[PDB]
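Note on naming: letters A, B, ... go to the chains in the order of the sequence lines (proteins, then strands), and numbering restarts at 1 for each one. Note: hydrogens, waters and symmetry copies are ignored here, and every other heavy atom, side chains too, is used.
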Amino acid sequence: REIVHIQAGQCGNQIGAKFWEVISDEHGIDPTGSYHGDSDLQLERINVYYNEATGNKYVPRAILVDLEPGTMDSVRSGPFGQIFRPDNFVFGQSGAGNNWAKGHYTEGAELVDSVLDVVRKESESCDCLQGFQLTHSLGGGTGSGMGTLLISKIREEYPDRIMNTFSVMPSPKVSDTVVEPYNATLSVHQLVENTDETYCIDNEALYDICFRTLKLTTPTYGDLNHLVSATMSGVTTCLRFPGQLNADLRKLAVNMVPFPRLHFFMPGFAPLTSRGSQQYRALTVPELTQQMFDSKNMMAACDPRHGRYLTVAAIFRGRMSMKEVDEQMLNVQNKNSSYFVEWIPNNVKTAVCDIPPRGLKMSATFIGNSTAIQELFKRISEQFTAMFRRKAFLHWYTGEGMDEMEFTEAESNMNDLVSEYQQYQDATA
Amino acid sequence: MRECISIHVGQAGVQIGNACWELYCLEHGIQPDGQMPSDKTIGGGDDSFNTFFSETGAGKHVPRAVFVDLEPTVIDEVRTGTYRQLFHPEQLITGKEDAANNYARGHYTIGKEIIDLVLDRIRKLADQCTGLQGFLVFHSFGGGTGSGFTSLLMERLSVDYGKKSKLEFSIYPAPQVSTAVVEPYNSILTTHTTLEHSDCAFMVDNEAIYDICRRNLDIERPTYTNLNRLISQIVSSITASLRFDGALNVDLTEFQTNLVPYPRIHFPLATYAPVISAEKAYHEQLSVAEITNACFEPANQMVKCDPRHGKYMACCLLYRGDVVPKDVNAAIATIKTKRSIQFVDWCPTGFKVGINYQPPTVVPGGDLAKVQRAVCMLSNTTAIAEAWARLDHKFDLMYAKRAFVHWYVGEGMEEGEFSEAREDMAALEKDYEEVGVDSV
Ligand SMILES: CC[C@]1(O)C[C@@H]2CN(CCc3c([nH]c4ccccc34)[C@@](C(=O)OC)(c3cc4c(cc3OC)N(C)[C@H]3[C@@](O)(C(=O)OC)[C@H](OC(C)=O)[C@]5(CC)C=CCN6CC[C@]43[C@@H]65)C2)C1
Ligand SMILES: CC[C@@H](/C=C(/C)[C@@H]1C[C@@H](OC)C[C@H](O)C(C)(C)[C@@]2(O)O[C@@H](C[C@H](OC)[C@@H](O)C(=O)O1)C[C@@H](OC)[C@@H]2O)CO
Ligand SMILES: C/C(=C\c1csc(C)n1)[C@H]1C[C@H]2O[C@H]2CCC[C@@H](C)[C@H](O)[C@@H](C)C(=O)C(C)(C)[C@@H](O)CC(=O)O1
Ligand SMILES: Nc1nc2c(ncn2[C@@H]2O[C@H](COP(=O)(O)OP(=O)(O)OP(=O)(O)O)[C@@H](O)[C@H]2O)c(=O)[nH]1
Ligand SMILES: Nc1nc2c(ncn2[C@@H]2O[C@H](COP(=O)(O)OP(=O)(O)O)[C@@H](O)[C@H]2O)c(=O)[nH]1
Ligand SMILES: [Ca+2]
Ligand SMILES: [Mg+2]
Ligand SMILES: [Mg+2]
């Protein structure tokens, strides 16, 4: 039932805020936490993400963390910034300097217990807490280093709850900072061991979509983040709205993750169409379905045609006949059955929800668990070793007390993870 | 928060600090008596310029700075100049007798008689900070005070503030304006003593600056006044990240991550464009493309060397003024192809780019034309080792005969300190050689 949400660092707080902004609009909540909705379908499951305060006020079950105040003020002074519980702001002053070691071991060490206190206070207010969700980037210092420290501490207090993260991978196409492959590799190591489900949101993929597909010549984080919030709303539809699915996070993990370490998901969203003459066409289910599976629509920069899907979850939203959706989804599998492993029968599932996202008559959200995600970890691995071969920029991390061995076993873990994906790409029945 | 304390040491450090603080005041609209009519928060505030200015109850904006010199005549000019009302008398510290161009007198004989007092004034400034970021230290290599006292100060700052970061702005000697025959000695001694206490040092070669002023500004015989005004533009560009805030502005600490791949390799090469007079700029609108291109001309470097003959480990471009991302992208795309920019194979991302929207400003009566856009490039190239080579050769020629060494020995130094300093320089030249070699 209840989910506790944590956003850490600049990126995590940025996309975390847009997420609450978007789903608040869907559930008919205004920026002061009052309900102004029509359908009651919007309150059926409102308690999943919102706490009910005195006076018919719904407040997000959200914890906001950062090692510097800047983004705290930014969120607090924005649209839907007043909706958040004021106790649930936990920030420092030092900042992490895009340094994983500062977030994970030195500066974050002091703030971490304050966060666990708010986490603990929210968990005890839950009827039956099902688990946690974290938004953060892997390329920085706070969301990457301190976000993973939070995951580790939270898992130790709630060892049987589901742990789920929306994790933004770094790309040289978007960001300037040379040490990002270092931060990401240390983070991936923590994620393979302490999360149950991780959505891989690749800034490299988000950039190609905005630049190539959407024709945005000067992409901003606001553009990228509006893709992320749309996808985050889509993948959480079946938690926040009733209908045909009696599903929570654990059931999703059980049916999406056939092997413990292989829990990194490839997300996608339809529709995506550049401005503007095509923005007025009516979307048909056949078109939604082809777009959803198109490699160029994927939100992790990896070619799904290079590998195989272990499992797929697809969710459609809006007014549409389920018969059309059924036929179309079966068409994709029957006509391209070599891209789905045959040792997992009937391994693509569909859910349809009546309420559509704001601004769209229809939409589809894609959750793919594909062996091709290895391309993402290979890319980060290449950048890592090019630098680590010569111990370049290592002093920023050893000056915080870290050893070289810790880097060696992080790259080691990621290389094995790559190997594991490769072995089911060639596994046959 | 994130305050920065500036320390100006010796003649060059003091006179360059004067040029910088006048430029800062013009940029922020601070008047020579410290009033800032633009500032609404009186008594304090957490604004961006507050990293460099504290405020008094009466509305005075006071440089977070210390000027120190072993004799008085230079700082005396500050005490009586246009901005005399800007500083509290205790921020200006002078002795009675200078180092006589002798590192040993600056580090020991004279320096030891004023060091405690200087560290005290600094503590008083640090105590006014809520989140002290670190220190900026301005000094010459060649002066007795710029070399010897600056070394003592830096060693003391490590002891009193631990790992707190210290950045240097150093004047590298040039015969066209050099005041002493022994400046290579003082240069190697201070560089040896300071290497492990400095996080990042920006070297300015007086000959490079001298030539730029002659060629680009049309000044037949440049003075310190010409040199410092140009230097201050470079300093303003580097600190502009801290004093202003913009959506595309990127902080100097993020540049430092990219610029320093190993502790000892912390000497970025600076360039600045456009450097042009009012006469020539009257009929010449310089585009992002033109000023970006100028950053890669060997003759525009702030230290004489040839980066074509070296390898880059980082390029940071600090744009300011009328600049939009689209123009920068095209400019760099052009440079990548028309140029031979070679990066080491261990640096995946070589370029880092930010825009500060605050337009460049100039002091009235200066020699620089007022332009709409400017760019400062900080790069880390192995070519900067050429400057170490040239210094070390002048050292070796004199030291082989022990010329002038009796002046340092007479003050308490040992010869071992000389050869120790020189051997450290030898390792530095080698370090620049090994980072440039391709990976196995
Ligand atoms: C989505 C957030 C983003 O806005 C995405 C880009 C980068 N930054 C901020 C804004 C920005 C951009 N360009 C700037 C130039 C100066 C100052 C700021 C910018 C941005 C753009 O043009 O649209 C707004 C951009 C940036 C780049 C960018 C594209 C881009 O917008 C299209 N490139 C993908 C890289 C880049 O390195 C590259 O690989 O070539 C294409 C690219 O190189 C060249 C020659 O263009 C370039 C351009 C300055 C060069 C060096 C540093 N790298 C980092 C990323 C890259 C850039 C957009 C963050
Ligand atoms: C589905 C498995 C795995 C790859 C396959 C085989 C998928 C199959 C179907 O996916 C929608 C494609 C579909 O049948 C079509 C051919 C009608 C179609 O939509 O193809 C895309 C081109 C796409 O480029 C990426 C293609 O290469 C691709 O992705 O193919 C536009 C256009 O091309 C002519 C055409 O309208 C992706 O999950
Ligand atoms: C493609 C879209 C709609 C659409 C497709 S066909 C039709 C009738 N409508 C949606 C997609 C939404 O998931 C959201 C992400 C889109 C990002 C945009 C905000 C983008 O930044 C911007 C440049 C746009 O593309 C438009 C503002 C033109 C947007 O309305 C169209 C779009 O992509 O939104
Ligand atoms: N760019 C620049 N260089 C200067 C300036 N003043 C002195 N120098 C250079 O600095 C060196 C001399 O060191 P100074 O700073 O004058 O000496 P000091 O630190 O006062 O040392 P002592 O007087 O010996 O105690 C020479 O190379 C000069 O060319 C100045 O205002 N600008
Ligand atoms: N998609 C997206 N990525 C972001 C955003 N802000 C920062 N990033 C990315 O996050 C990384 C830097 O981490 P950041 O969140 O800034 O650092 P932190 O505050 O230390 O966690 C880089 O790869 C950035 O490109 C954002 O709003 N959206
Ligand atoms: Ca103020
Ligand atoms: Mg950041
Ligand atoms: Mg002097």
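Note on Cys316(B), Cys347(B), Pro263(B), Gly350(B): by heavy-atom pairs under 4.5 Å with chain A, the leading option is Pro263(B). Comparing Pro181(A), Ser175(A), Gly95(A), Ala392(A) by how many heavy-atom pairs each has under 4.5 Å with chain B, the most go to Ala392(A). Taking chain B as the reference chain and counting heavy-atom pairs below 4.5 Å, the highest number among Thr217(A), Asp176(A), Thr385(A) is found for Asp176(A). With chain A as partner, the option from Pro348(B), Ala314(B), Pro261(B) having the largest number of non-hydrogen pairs under 4.5 angstrom is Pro261(B). Put simply, of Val435(B), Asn258(B), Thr349(B), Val353(B), the one with the most heavy-atom pairs under 4.5 Å next to chain A is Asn258(B).
In this structure the side chain of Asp345(B) reaches within 4.5 angstrom of the side chain of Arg390(A), judged on heavy atoms. Residues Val260(B) and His395(A) are in side-chain contact: their nearest non-hydrogen atoms beyond the backbone lie under 4.5 Å apart.
The neighbour count for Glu382(A) CD, taken as heavy atoms of other residues, nucleotides or ligands under 6.0 Å away, does not exceed 12. Taking a 6.0 Å sphere around NZ of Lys336(B), one finds it holds 12 or fewer heavy atoms contributed by other residues, nucleotides or ligands. For CD of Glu196(B), the number of neighbouring non-hydrogen atoms (other residues, nucleotides, ligands) closer than 6.0 Å is 12 at most.
Of the two parts of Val250(B), neither the backbone nor the side chain holds a non-hydrogen atom closer than 4.5 Å to a non-hydrogen atom of chain A. For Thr253(B), no part lies under 4.5 angstrom from a heavy atom of chain A. Neither the backbone nor the side chain of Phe255(B) has a heavy atom closer than 4.5 Å to any heavy atom of chain A.
No donor-acceptor distance shorter than 3.5 angstrom exists from the side chain of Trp346(B) to the backbone of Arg389(A), with no hydrogens or angles considered.
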